[PDB]
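What follows is a single chain, given as structure tokens, in the form deposited in one PDB entry.
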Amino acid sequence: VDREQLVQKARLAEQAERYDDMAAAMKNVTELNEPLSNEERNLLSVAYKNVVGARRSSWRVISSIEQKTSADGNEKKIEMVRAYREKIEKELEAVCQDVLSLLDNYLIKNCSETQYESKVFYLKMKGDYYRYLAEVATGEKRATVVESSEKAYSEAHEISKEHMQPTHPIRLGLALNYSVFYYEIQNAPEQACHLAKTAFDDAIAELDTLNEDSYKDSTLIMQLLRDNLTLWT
């Protein structure tokens, strides 16, 4: 039940497409209270992203069905669809809160003062999962999770502008998700487009100095950025 076999079990679960078990193994590895290496960090990220993404896809499907069953006016049908959507939503919220607890209690806390890369990574994760909580929240709790995601994204972006290269995939993904938060969560297309274009231009300014692998990793996220930019018009 040691760290090596836990990481191996996470890799196994990934190969077996069983991402709940992968997330559980990486949660145990994180609960060992020791800092995570880049490989363990990426394994945890992939596991919990796949879990939350499955829950998000199910929630999207059921909510899209609910929006039409509501316009049709069937009482029992809309009641059952709403109940199932709430079930999937509670699952999604539980996964998100599990990730946020792992971040606040273990991951962000054990970051050294000079570990700006891990700080940006974990704050981006916090912002992403609070945004996922915002996708399903209504009322004052929606504003609360929006403020949490905003603070996480802003802190991560400041640390990233100070200590990370514009072409680093972590910074590019942070800027992409921050712009998506501005556009889809805040309905603020101006600052969303501004941040996305600023990130794209800062990456263009140094794209020539990248290795092949770095070039590919950065250009993928830059493609995502310019696709989101073209979409926002």
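All residue numbers are counted from 1 along the displayed sequence. Take the two forms, superpose them, and find the largest set of C-alpha atoms that agree within 1.5 Å; that set is the rigid core.
Across the other PDB entries of this protein whose models span the neighbouring residues, residue 71 goes unmodelled in a third or more. Looking at mean Cα B-factors across 84-92 and 134-142, the upper value is held by 134-142. When the mean C-alpha temperature factors of 123-131 and 71-79 are read from the deposited coordinates, 71-79 comes out higher. Highest CA B-factor among the listed residues (26, 54, 204, 170): 204. Among 193, 164, 61, 199, the highest C-alpha B-factor in the deposited entry belongs to 193.
Among the modelled residues of its chain, residue 211 has a C-alpha B-factor that falls in the highest third according to the deposited record. When all modelled residues of the chain are sorted by CA temperature factor, residue 178 is found within the middle third.
Sort the modelled residues of the chain by CA B factor and residue 186 lands in the highest third.
Among all modelled residues in its chain, residue 38 ranks in the lowest third by Cα B-factor. In this PDB entry, residue 224 carries a Cα temperature factor that places it within the middle third of its chain's modelled residues.
There is another form of this protein, the form deposited in another entry, and it is not shown here; the text below is about that form.
Shift analysis on the rigid core between the shown form and the other one singles out 207 from 32, 207, 54, 46 (C-alpha displacement of 2 Å or more).
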